[PDB]
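**Student:** In our numbering, each residue's number is its place in the sequence shown (first place is 1) plus 11. Just passing along the structure, written as structure tokens.
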Amino acid sequence: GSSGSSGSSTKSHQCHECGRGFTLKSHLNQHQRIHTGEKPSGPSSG
Ligand SMILES: [Zn+2]
Numbered sequence: 012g013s014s015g016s017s018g019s020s021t022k023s024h025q026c027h028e029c030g031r032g033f034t035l036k037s038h039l040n041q042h043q044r045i046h047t048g049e050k051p052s053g054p055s056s057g
């Protein structure tokens, strides 16, 4: 059976916060920002 092996790869640099993929590390790095900002003051939505 082996009904599992849940571990594929679509792009070198992949995000864990949402699950996006980027070819150039930089790309993702800038993207991840969406998940982590600059400890801003305010109500963090869901
Ligand atoms: Zn992400």
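From the three backbone atoms N, C-alpha and C, an ideal C-beta is built for every residue, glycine too.
Who pairs with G32 in a beta bridge, going by DSSP?
**Tutor:** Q25
**Student:** Take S23 and list the residues in its own chain whose beta-carbon comes closer than 7 Å to its own, dropping the five residues that flank it on each side.
**Tutor:** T34
**Student:** So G32 and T47 are in contact, right, with Cβ under 8 Å, and what is the actual spacing, rounded?
**Tutor:** Not a contact, Cβ separation roughly 18 Å.
**Student:** Out of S17, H42, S16, which one is the CA nearest neighbour of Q25?
**Tutor:** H42
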